[PDB]
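Undergrad: This is model.pdb, which holds PDB, C-alpha atoms (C1' of nucleotides) and all ligand atoms:
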ATOM      1  CA  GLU A   1     -32.720  -4.711 -18.223  1.00  0.00           C
ATOM      2  CA  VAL A   2     -29.822  -5.979 -16.150  1.00  0.00           C
ATOM      3  CA  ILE A   3     -26.947  -7.452 -18.088  1.00  0.00           C
ATOM      4  CA  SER A   4     -24.510  -8.702 -15.492  1.00  0.00           C
ATOM      5  CA  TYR A   5     -21.324  -9.726 -17.218  1.00  0.00           C
ATOM      6  CA  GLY A   6     -20.613 -11.898 -14.209  1.00  0.00           C
ATOM      7  CA  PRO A   7     -21.069 -15.730 -14.247  1.00  0.00           C
ATOM      8  CA  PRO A   8     -23.572 -17.370 -16.651  1.00  0.00           C
ATOM      9  CA  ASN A   9     -25.371 -19.949 -14.523  1.00  0.00           C
ATOM     10  CA  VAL A  10     -26.323 -19.566 -10.889  1.00  0.00           C
ATOM     11  CA  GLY A  11     -29.057 -20.615  -8.476  1.00  0.00           C
ATOM     12  CA  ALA A  12     -30.373 -19.430  -5.131  1.00  0.00           C
ATOM     13  CA  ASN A  13     -28.586 -22.372  -3.516  1.00  0.00           C
ATOM     14  CA  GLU A  14     -25.347 -21.564  -5.275  1.00  0.00           C
ATOM     15  CA  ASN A  15     -22.463 -19.706  -3.747  1.00  0.00           C
ATOM     16  CA  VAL A  16     -20.500 -17.351  -5.945  1.00  0.00           C
ATOM     17  CA  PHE A  17     -17.033 -16.958  -4.506  1.00  0.00           C
ATOM     18  CA  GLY A  18     -14.881 -13.907  -4.976  1.00  0.00           C
ATOM     19  CA  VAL A  19     -11.705 -13.196  -3.007  1.00  0.00           C
ATOM     20  CA  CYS A  20     -11.046 -10.010  -1.048  1.00  0.00           C
ATOM     21  CA  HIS A  21      -7.486  -8.879  -0.510  1.00  0.00           C
ATOM     22  CA  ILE A  22      -7.606  -6.278   2.262  1.00  0.00           C
ATOM     23  CA  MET A  23      -4.564  -4.195   3.136  1.00  0.00           C
ATOM     24  CA  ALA A  24      -4.535  -2.106   6.282  1.00  0.00           C
ATOM     25  CA  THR A  25      -1.755   0.425   6.819  1.00  0.00           C
ATOM     26  CA  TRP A  26      -1.503   3.116   9.445  1.00  0.00           C
ATOM     27  CA  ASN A  27      -1.769   5.387   6.418  1.00  0.00           C
ATOM     28  CA  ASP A  28      -4.560   3.777   4.316  1.00  0.00           C
ATOM     29  CA  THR A  29      -6.847   0.834   3.543  1.00  0.00           C
ATOM     30  CA  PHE A  30      -7.337  -1.314   0.422  1.00  0.00           C
ATOM     31  CA  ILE A  31     -10.397  -3.441  -0.398  1.00  0.00           C
ATOM     32  CA  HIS A  32      -9.695  -5.400  -3.556  1.00  0.00           C
ATOM     33  CA  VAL A  33     -11.747  -8.291  -4.953  1.00  0.00           C
ATOM     34  CA  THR A  34     -10.584 -10.754  -7.584  1.00  0.00           C
ATOM     35  CA  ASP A  35     -11.359 -14.279  -8.705  1.00  0.00           C
ATOM     36  CA  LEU A  36      -9.989 -17.376  -6.983  1.00  0.00           C
ATOM     37  CA  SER A  37      -6.864 -17.060  -9.106  1.00  0.00           C
ATOM     38  CA  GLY A  38      -6.161 -13.474  -8.127  1.00  0.00           C
ATOM     39  CA  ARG A  39      -5.440 -12.712 -11.787  1.00  0.00           C
ATOM     40  CA  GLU A  40      -8.577 -10.967 -12.920  1.00  0.00           C
ATOM     41  CA  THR A  41      -9.425  -7.997 -10.717  1.00  0.00           C
ATOM     42  CA  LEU A  42     -13.115  -7.159 -10.123  1.00  0.00           C
ATOM     43  CA  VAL A  43     -13.346  -4.181  -7.713  1.00  0.00           C
ATOM     44  CA  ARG A  44     -10.821  -1.736  -6.229  1.00  0.00           C
ATOM     45  CA  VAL A  45     -11.344   0.728  -3.397  1.00  0.00           C
ATOM     46  CA  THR A  46      -8.894   2.764  -1.314  1.00  0.00           C
ATOM     47  CA  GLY A  47      -9.702   5.033   1.613  1.00  0.00           C
ATOM     48  CA  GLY A  48      -8.181   7.993  -0.205  1.00  0.00           C
ATOM     49  CA  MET A  49     -10.791   7.509  -2.921  1.00  0.00           C
ATOM     50  CA  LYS A  50     -13.483   8.066  -0.290  1.00  0.00           C
ATOM     51  CA  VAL A  51     -12.028  11.121   1.565  1.00  0.00           C
ATOM     52  CA  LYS A  52     -10.256  14.341   0.535  1.00  0.00           C
ATOM     53  CA  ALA A  53      -8.145  14.657   3.692  1.00  0.00           C
ATOM     54  CA  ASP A  54      -4.717  12.974   3.596  1.00  0.00           C
ATOM     55  CA  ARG A  55      -5.023  12.005   7.253  1.00  0.00           C
ATOM     56  CA  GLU A  56      -8.453  10.379   7.017  1.00  0.00           C
ATOM     57  CA  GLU A  57      -7.209   7.931   4.371  1.00  0.00           C
ATOM     58  CA  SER A  58      -6.916   5.064   6.831  1.00  0.00           C
ATOM     59  CA  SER A  59      -9.930   5.781   9.045  1.00  0.00           C
ATOM     60  CA  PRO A  60     -12.962   3.481   9.675  1.00  0.00           C
ATOM     61  CA  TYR A  61     -15.377   5.960   8.007  1.00  0.00           C
ATOM     62  CA  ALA A  62     -13.292   5.655   4.842  1.00  0.00           C
ATOM     63  CA  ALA A  63     -13.013   1.886   5.186  1.00  0.00           C
ATOM     64  CA  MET A  64     -16.802   1.710   5.526  1.00  0.00           C
ATOM     65  CA  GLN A  65     -17.577   3.802   2.458  1.00  0.00           C
TER      66      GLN A  65
ATOM     67  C1'   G B   1      70.786 -50.072  43.126  1.00  0.00           C
ATOM     68  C1'   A B   2      64.349 -47.010  40.389  1.00  0.00           C
ATOM     69  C1'   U B   3      59.776 -43.710  47.481  1.00  0.00           C
ATOM     70  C1'   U B   4      54.515 -42.680  46.678  1.00  0.00           C
ATOM     71  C1'   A B   5      51.859 -42.418  43.132  1.00  0.00           C
ATOM     72  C1'   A B   6      49.369 -35.643  44.924  1.00  0.00           C
ATOM     73  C1'   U B   7      40.465 -34.706  44.904  1.00  0.00           C
ATOM     74  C1'   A B   8      49.080 -31.774  40.940  1.00  0.00           C
ATOM     75  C1'   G B   9      50.016 -31.631  35.733  1.00  0.00           C
ATOM     76  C1'   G B  10      50.981 -34.079  30.470  1.00  0.00           C
ATOM     77  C1'   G B  11      49.520 -38.089  27.570  1.00  0.00           C
ATOM     78  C1'   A B  12      46.491 -42.669  25.822  1.00  0.00           C
ATOM     79  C1'   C B  13      41.720 -44.644  25.227  1.00  0.00           C
ATOM     80  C1'   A B  14      35.621 -45.036  25.373  1.00  0.00           C
ATOM     81  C1'   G B  15      30.592 -43.365  24.697  1.00  0.00           C
ATOM     82  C1'   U B  16      28.884 -38.773  24.241  1.00  0.00           C
ATOM     83  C1'   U B  17      27.853 -33.115  24.138  1.00  0.00           C
ATOM     84  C1'   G B  18      28.018 -28.111  21.882  1.00  0.00           C
ATOM     85  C1'   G B  19      24.072 -21.789  17.854  1.00  0.00           C
ATOM     86  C1'   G B  20      33.376 -23.305  18.671  1.00  0.00           C
ATOM     87  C1'   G B  21      36.358 -23.016  13.643  1.00  0.00           C
ATOM     88  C1'   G B  22      37.460 -23.938   8.037  1.00  0.00           C
ATOM     89  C1'   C B  23      35.942 -25.506   3.511  1.00  0.00           C
ATOM     90  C1'   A B  24      32.085 -27.140   0.298  1.00  0.00           C
ATOM     91  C1'   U B  25      26.886 -27.822  -0.418  1.00  0.00           C
ATOM     92  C1'   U B  26      21.347 -26.146   0.492  1.00  0.00           C
ATOM     93  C1'   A B  27      17.074 -23.972   1.769  1.00  0.00           C
ATOM     94  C1'   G B  28      13.632 -19.979   3.341  1.00  0.00           C
ATOM     95  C1'   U B  29      10.214 -16.129   3.215  1.00  0.00           C
ATOM     96  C1'   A B  30      11.470 -10.929   3.167  1.00  0.00           C
ATOM     97  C1'   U B  31      13.239  -6.074   0.955  1.00  0.00           C
ATOM     98  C1'   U B  32      14.444  -4.139  -4.171  1.00  0.00           C
ATOM     99  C1'   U B  33      13.845  -4.874  -9.247  1.00  0.00           C
ATOM    100  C1'   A B  34      12.059  -7.148 -13.837  1.00  0.00           C
ATOM    101  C1'   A B  35       8.724 -10.124 -16.795  1.00  0.00           C
ATOM    102  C1'   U B  36       3.784 -11.805 -17.897  1.00  0.00           C
ATOM    103  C1'   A B  37      -1.103 -11.240 -16.845  1.00  0.00           C
ATOM    104  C1'   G B  38      -5.352  -7.970 -14.166  1.00  0.00           C
ATOM    105  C1'   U B  39      -7.860  -3.568 -12.727  1.00  0.00           C
ATOM    106  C1'   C B  40      -8.524   1.012 -12.373  1.00  0.00           C
ATOM    107  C1'   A B  41      -7.239   7.001  -9.709  1.00  0.00           C
ATOM    108  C1'   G B  42      -4.905   7.777  -6.679  1.00  0.00           C
ATOM    109  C1'   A B  43      -0.405   5.948  -3.901  1.00  0.00           C
ATOM    110  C1'   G B  44       3.276   7.561  -0.427  1.00  0.00           C
ATOM    111  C1'   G B  45       4.397   9.803   3.881  1.00  0.00           C
ATOM    112  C1'   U B  46       2.889  13.168   8.685  1.00  0.00           C
ATOM    113  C1'   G B  47       0.627  15.773  14.301  1.00  0.00           C
ATOM    114  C1'   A B  48      -0.671  17.998  10.138  1.00  0.00           C
ATOM    115  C1'   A B  49       1.699  18.321   5.693  1.00  0.00           C
ATOM    116  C1'   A B  50       4.980  19.088   1.644  1.00  0.00           C
ATOM    117  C1'   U B  51       9.166  17.286  -1.288  1.00  0.00           C
ATOM    118  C1'   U B  52       8.273  12.601  -4.092  1.00  0.00           C
ATOM    119  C1'   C B  53       5.773   8.494  -7.416  1.00  0.00           C
ATOM    120  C1'   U B  54       1.688   8.257 -10.596  1.00  0.00           C
ATOM    121  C1'   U B  55      -3.042   7.484 -17.464  1.00  0.00           C
ATOM    122  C1'   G B  56       4.025   6.256 -20.328  1.00  0.00           C
ATOM    123  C1'   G B  57      -0.803   3.358 -15.564  1.00  0.00           C
ATOM    124  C1'   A B  58       1.446   3.886 -10.062  1.00  0.00           C
ATOM    125  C1'   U B  59       0.359   1.873  -5.260  1.00  0.00           C
ATOM    126  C1'   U B  60      -2.867  -2.881  -5.490  1.00  0.00           C
ATOM    127  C1'   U B  61      -3.628  -8.421  -7.229  1.00  0.00           C
ATOM    128  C1'   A B  62      -1.785 -13.400  -9.276  1.00  0.00           C
ATOM    129  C1'   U B  63       2.504 -16.248 -11.360  1.00  0.00           C
ATOM    130  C1'   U B  64       7.410 -16.513 -12.356  1.00  0.00           C
ATOM    131  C1'   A B  65      12.529 -14.640 -12.720  1.00  0.00           C
ATOM    132  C1'   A B  66      17.120 -11.636 -11.413  1.00  0.00           C
ATOM    133  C1'   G B  67      20.190  -9.821  -7.646  1.00  0.00           C
ATOM    134  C1'   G B  68      22.668  -8.823  -3.192  1.00  0.00           C
ATOM    135  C1'   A B  69      21.960  -9.316   2.141  1.00  0.00           C
ATOM    136  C1'   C B  70      19.741 -11.743   6.338  1.00  0.00           C
ATOM    137  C1'   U B  71      18.541 -16.653   9.385  1.00  0.00           C
ATOM    138  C1'   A B  72      12.415 -14.725  12.211  1.00  0.00           C
ATOM    139  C1'   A B  73       9.114 -17.719  15.082  1.00  0.00           C
ATOM    140  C1'   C B  74      10.911 -21.946  18.305  1.00  0.00           C
ATOM    141  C1'   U B  75      14.992 -18.597  21.498  1.00  0.00           C
ATOM    142  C1'   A B  76      15.437 -19.450  27.541  1.00  0.00           C
ATOM    143  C1'   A B  77      18.843 -16.013  34.239  1.00  0.00           C
ATOM    144  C1'   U B  78      20.014 -22.467  27.982  1.00  0.00           C
ATOM    145  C1'   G B  79      24.818 -23.939  24.974  1.00  0.00           C
ATOM    146  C1'   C B  80      30.041 -23.265  22.740  1.00  0.00           C
ATOM    147  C1'   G B  81      34.506 -20.142  22.071  1.00  0.00           C
ATOM    148  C1'   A B  82      40.828 -17.583  24.801  1.00  0.00           C
ATOM    149  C1'   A B  83      38.374 -12.987  24.018  1.00  0.00           C
ATOM    150  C1'   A B  84      36.412 -10.417  20.006  1.00  0.00           C
TER     151        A B  84
HETATM  152 MG    MG A 101      14.656 -15.606  -5.158  1.00  0.00          MG
HETATM  153 MG    MG A 102      19.575 -16.113  -2.373  1.00  0.00          MG
HETATM  154 MG    MG A 103      20.555 -25.187  23.258  1.00  0.00          MG
END
Have the structure of the file written as structure tokens, please.
Ligand SMILES: [Mg+2]
Ligand SMILES: [Mg+2]
Ligand SMILES: [Mg+2]
TA:
Amino acid sequence: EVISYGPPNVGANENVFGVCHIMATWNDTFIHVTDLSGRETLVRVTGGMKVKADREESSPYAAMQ
RNA sequence: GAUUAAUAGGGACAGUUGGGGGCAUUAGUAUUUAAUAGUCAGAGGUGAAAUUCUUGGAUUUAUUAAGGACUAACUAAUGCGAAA
């Protein structure tokens, strides 16, 4: 089934807190989650990942995706 | 036998005032770099782009450290200095 290598013991009440470092440049955008320490990185997405055009790198469409 | 004592000037003294100067000290993020951890495929830059950087892992994230600069914001029809 689903083996989520995330945290062992949760509940529906519980909050699981990640931290999102977001960098916005006129030339791009970065959405980066880590733990509360900032050490261990979970997810990484840049605008340029989501579009092939150099100019669209920053744009809201890209940021959304 | 020595004119006043200039809202003339020099000097003394008293509480201040100042981003004036010279030495020492000392901080602060920031840029750049390095280290140690992470994670991955793109970062940069532009009107678009291309030179660049990138899997030898960049950009990115956390913690330190090195090294030169620089004193933000408060900061003003405010201050000081002969001007710079
Ligand atoms: Mg330092
Ligand atoms: Mg220093
Ligand atoms: Mg003043």
Undergrad: Which polymer residues have any atom within 10 Å of an atom of residue A:18, counting only C-alpha atoms (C1' of nucleotides), with same-chain residues fewer than 6 positions away left out, as a PyMOL selection string?
TA: chain A and resi 33-38+41-42
Undergrad: For a quick check of understanding, using all atoms listed in the file, which of B:44, B:28, B:1, B:11 has the smallest distance to chain A?
TA: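 Residue with the minimum atom-to-atom distance to chain A: B:44.
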Undergrad: Which residues are close to stretch 57-62 of chain A, i.e. within 7 Å by only C-alpha atoms (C1' of nucleotides), leaving aside same-chain residues fewer than 3 positions away? Reply as a list in words.
TA: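 The neighbour list is residues 25, 26, 27, 28, 29, 47, 48, 50, 51, 53, 54 and 65 of chain A.
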Undergrad: Dump the neighbourhood of ligand MG 101 (chain A) as a ChimeraX atom specification: all residues within 10 Å, distances computed on all atoms listed in the file.
TA: /B:28-29,65-67
Undergrad: Export, as a PDB file, keeping the file's coordinate frame, the selected residues with C-alpha atoms (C1' of nucleotides).
TA:
ATOM      1  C1'   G B  28      13.632 -19.979   3.341  1.00  0.00           C
ATOM      2  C1'   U B  29      10.214 -16.129   3.215  1.00  0.00           C
ATOM      3  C1'   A B  65      12.529 -14.640 -12.720  1.00  0.00           C
ATOM      4  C1'   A B  66      17.120 -11.636 -11.413  1.00  0.00           C
ATOM      5  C1'   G B  67      20.190  -9.821  -7.646  1.00  0.00           C
TER       6        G B  67
END
Undergrad: Applied to this file, what does the PyMOL selection byres (((chain A and resi 30) around 6) and not hetatm) return in terms of residues, put as a CSV table (one decimal) with C-alpha atoms, in the coordinates of the input?
TA:
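Saved as result_3.csv:
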chain,number,residue,atom,x,y,z
A,22,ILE,CA,-7.6,-6.3,2.3
A,23,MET,CA,-4.6,-4.2,3.1
A,29,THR,CA,-6.8,0.8,3.5
A,31,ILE,CA,-10.4,-3.4,-0.4
A,45,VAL,CA,-11.3,0.7,-3.4
A,46,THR,CA,-8.9,2.8,-1.3
Undergrad: Enumerate, as a list in words, the residues matched when the PyMOL selection byres (((chain B and resi 63) around 10) and not hetatm) is run on the file above.
TA: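 Taken over the shown coordinates, the PyMOL selection byres (((chain B and resi 63) around 10) and not hetatm) returns residues 37, 38 and 39 of chain A; 36, 37, 62 and 64 of chain B.
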Undergrad: I need the contact residues of chain B against chain A, so if you could list those with any atom within 9 Å, counting all atoms listed in the file, and return them as a PDB file with C-alpha atoms (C1' of nucleotides), in the frame of the given file, that would help.
TA:
ATOM      1  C1'   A B  37      -1.103 -11.240 -16.845  1.00  0.00           C
ATOM      2  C1'   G B  38      -5.352  -7.970 -14.166  1.00  0.00           C
ATOM      3  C1'   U B  39      -7.860  -3.568 -12.727  1.00  0.00           C
ATOM      4  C1'   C B  40      -8.524   1.012 -12.373  1.00  0.00           C
ATOM      5  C1'   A B  41      -7.239   7.001  -9.709  1.00  0.00           C
ATOM      6  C1'   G B  42      -4.905   7.777  -6.679  1.00  0.00           C
ATOM      7  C1'   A B  43      -0.405   5.948  -3.901  1.00  0.00           C
ATOM      8  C1'   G B  44       3.276   7.561  -0.427  1.00  0.00           C
ATOM      9  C1'   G B  45       4.397   9.803   3.881  1.00  0.00           C
ATOM     10  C1'   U B  46       2.889  13.168   8.685  1.00  0.00           C
ATOM     11  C1'   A B  48      -0.671  17.998  10.138  1.00  0.00           C
ATOM     12  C1'   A B  49       1.699  18.321   5.693  1.00  0.00           C
ATOM     13  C1'   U B  60      -2.867  -2.881  -5.490  1.00  0.00           C
ATOM     14  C1'   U B  61      -3.628  -8.421  -7.229  1.00  0.00           C
ATOM     15  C1'   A B  62      -1.785 -13.400  -9.276  1.00  0.00           C
ATOM     16  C1'   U B  63       2.504 -16.248 -11.360  1.00  0.00           C
TER      17        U B  63
END
Undergrad: Using only C-alpha atoms (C1' of nucleotides) and a cutoff of 12 Å, can you tell me which residues are near (12.7, -7.9, -1.4) in the file's coordinates, and write them out as a list in words?
TA: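 Result, sorted by chain then residue number: residues 29, 30, 31, 32, 33, 66, 67, 68, 69 and 70 of chain B.
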Undergrad: What do you get as a PyMOL selection string if you pick all residues at most 12 Å from ligand MG 103 (chain A), counting only C-alpha atoms (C1' of nucleotides) and all ligand atoms?
TA: chain B and resi 17-19+74-76+78-80
Undergrad: Based on the selection just made, write C-alpha atoms (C1' of nucleotides) of those residues as a PDB file, in the frame of the given file.
TA:
ATOM      1  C1'   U B  17      27.853 -33.115  24.138  1.00  0.00           C
ATOM      2  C1'   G B  18      28.018 -28.111  21.882  1.00  0.00           C
ATOM      3  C1'   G B  19      24.072 -21.789  17.854  1.00  0.00           C
ATOM      4  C1'   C B  74      10.911 -21.946  18.305  1.00  0.00           C
ATOM      5  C1'   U B  75      14.992 -18.597  21.498  1.00  0.00           C
ATOM      6  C1'   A B  76      15.437 -19.450  27.541  1.00  0.00           C
ATOM      7  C1'   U B  78      20.014 -22.467  27.982  1.00  0.00           C
ATOM      8  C1'   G B  79      24.818 -23.939  24.974  1.00  0.00           C
ATOM      9  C1'   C B  80      30.041 -23.265  22.740  1.00  0.00           C
TER      10        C B  80
END
Undergrad: Between B:53, B:27, B:34, B:72, which is the closest to ligand MG 102 (chain A) once you count all atoms listed in the file?
TA: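 Closest residue, counting all atoms listed in the file: B:27.
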Undergrad: Here's the selection I'm unsure about, the PyMOL selection byres (((chain A and resi 6) around 12) and not hetatm); applied to the file above, which residues does it give, as a PDB file with C-alpha atoms, in the coordinates of the input?
TA:
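The resulting selection_24.pdb:
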ATOM      1  CA  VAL A   2     -29.822  -5.979 -16.150  1.00  0.00           C
ATOM      2  CA  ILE A   3     -26.947  -7.452 -18.088  1.00  0.00           C
ATOM      3  CA  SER A   4     -24.510  -8.702 -15.492  1.00  0.00           C
ATOM      4  CA  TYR A   5     -21.324  -9.726 -17.218  1.00  0.00           C
ATOM      5  CA  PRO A   7     -21.069 -15.730 -14.247  1.00  0.00           C
ATOM      6  CA  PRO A   8     -23.572 -17.370 -16.651  1.00  0.00           C
ATOM      7  CA  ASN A   9     -25.371 -19.949 -14.523  1.00  0.00           C
ATOM      8  CA  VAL A  10     -26.323 -19.566 -10.889  1.00  0.00           C
ATOM      9  CA  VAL A  16     -20.500 -17.351  -5.945  1.00  0.00           C
ATOM     10  CA  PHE A  17     -17.033 -16.958  -4.506  1.00  0.00           C
ATOM     11  CA  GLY A  18     -14.881 -13.907  -4.976  1.00  0.00           C
ATOM     12  CA  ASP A  35     -11.359 -14.279  -8.705  1.00  0.00           C
ATOM     13  CA  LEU A  42     -13.115  -7.159 -10.123  1.00  0.00           C
TER      14      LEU A  42
END
Undergrad: In Å, with one decimal, what is the gap from atom CA of residue A:56 to atom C1' of residue B:57?
TA: 24.9 Å
Undergrad: Expressed in Å to a single decimal, how great is the separation between atom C1' of residue B:71 and atom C1' of residue B:16?
TA: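 Calculated distance between atom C1' of residue B:71 and atom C1' of residue B:16 is 28.6 Å.
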Undergrad: So the first atom is atom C1' of residue B:26 and the second is atom MG of ligand MG 102 (chain A); what is the distance between them in Å, to one decimal place?
TA: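 For atom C1' of residue B:26 relative to atom MG of ligand MG 102 (chain A), the distance reads 10.6 Å.
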Undergrad: Around stretch 37-54 of chain B, with edges along x, y and z and 6 Å added on all six sides, what centre and edge lengths do you get, in Å to one decimal, as JSON?
TA:
{"center_x": 0.3, "center_y": 3.9, "center_z": -1.3, "size_x": 29.7, "size_y": 42.3, "size_z": 43.1}
Undergrad: Could you get me a file of stretch 8-28 of chain A with N, CA, C and O atoms, as a short mmCIF file (atom, residue, chain, number, x, y, z; two decimals), in the first residue's frame, taken from the block above?
TA:
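Saved result, decode-v1.cif, follows:
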data_model
loop_
_atom_site.label_atom_id
_atom_site.label_comp_id
_atom_site.auth_asym_id
_atom_site.auth_seq_id
_atom_site.Cartn_x
_atom_site.Cartn_y
_atom_site.Cartn_z
N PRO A 8 6.33 8.87 12.03
CA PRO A 8 5.71 7.62 12.48
C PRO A 8 4.29 7.77 13.03
O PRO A 8 3.39 7.04 12.60
N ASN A 9 4.08 8.70 13.95
CA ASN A 9 2.82 8.72 14.70
C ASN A 9 2.09 10.03 14.64
O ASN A 9 2.54 11.04 15.17
N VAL A 10 0.93 10.00 13.99
CA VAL A 10 0.13 11.20 13.78
C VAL A 10 -1.29 10.96 14.29
O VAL A 10 -1.60 9.90 14.82
N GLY A 11 -2.14 11.96 14.11
CA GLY A 11 -3.55 11.86 14.43
C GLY A 11 -4.25 12.81 13.48
O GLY A 11 -3.60 13.48 12.68
N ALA A 12 -5.58 12.85 13.55
CA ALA A 12 -6.33 13.82 12.75
C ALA A 12 -6.30 15.19 13.42
O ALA A 12 -6.47 16.21 12.76
N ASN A 13 -6.07 15.20 14.73
CA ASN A 13 -5.95 16.45 15.47
C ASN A 13 -4.61 17.09 15.16
O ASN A 13 -4.49 18.31 15.02
N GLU A 14 -3.60 16.23 15.06
CA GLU A 14 -2.21 16.63 14.98
C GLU A 14 -1.93 17.60 13.85
O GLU A 14 -2.56 17.55 12.80
N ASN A 15 -0.98 18.50 14.08
CA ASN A 15 -0.42 19.26 12.98
C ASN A 15 1.00 18.82 12.69
O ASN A 15 1.83 18.66 13.59
N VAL A 16 1.27 18.57 11.42
CA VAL A 16 2.62 18.22 11.00
C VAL A 16 3.22 19.45 10.35
O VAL A 16 2.73 19.91 9.32
N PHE A 17 4.27 19.98 10.95
CA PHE A 17 4.81 21.25 10.47
C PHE A 17 6.11 21.15 9.69
O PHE A 17 7.16 20.74 10.20
N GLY A 18 6.00 21.51 8.42
CA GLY A 18 7.16 21.68 7.56
C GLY A 18 7.41 23.16 7.43
O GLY A 18 6.58 23.97 7.86
N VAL A 19 8.56 23.54 6.86
CA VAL A 19 8.85 24.95 6.64
C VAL A 19 9.15 25.24 5.17
O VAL A 19 9.94 24.55 4.55
N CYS A 20 8.51 26.27 4.62
CA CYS A 20 8.66 26.60 3.22
C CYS A 20 9.49 27.86 3.06
O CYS A 20 9.05 28.94 3.44
N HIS A 21 10.69 27.71 2.51
CA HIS A 21 11.48 28.84 2.09
C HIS A 21 11.12 29.15 0.64
O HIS A 21 11.26 28.30 -0.25
N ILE A 22 10.61 30.36 0.43
CA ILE A 22 10.15 30.81 -0.88
C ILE A 22 10.97 31.99 -1.35
O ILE A 22 10.98 33.04 -0.69
N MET A 23 11.64 31.84 -2.48
CA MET A 23 12.44 32.95 -3.01
C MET A 23 11.84 33.47 -4.30
O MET A 23 11.64 32.73 -5.24
N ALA A 24 11.54 34.76 -4.33
CA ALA A 24 10.99 35.36 -5.52
C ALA A 24 11.96 36.38 -6.10
O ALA A 24 12.34 37.34 -5.43
N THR A 25 12.35 36.16 -7.35
CA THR A 25 13.28 37.03 -8.05
C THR A 25 12.49 37.53 -9.23
O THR A 25 11.46 36.96 -9.56
N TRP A 26 12.94 38.61 -9.84
CA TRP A 26 12.35 39.06 -11.08
C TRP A 26 12.59 38.03 -12.17
O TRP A 26 11.89 37.98 -13.18
N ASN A 27 13.61 37.20 -11.96
CA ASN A 27 13.94 36.14 -12.91
C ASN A 27 13.52 34.70 -12.60
O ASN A 27 13.75 33.83 -13.44
N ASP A 28 12.91 34.44 -11.45
CA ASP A 28 12.56 33.06 -11.07
C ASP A 28 11.82 32.98 -9.73
O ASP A 28 11.66 33.98 -9.04
#
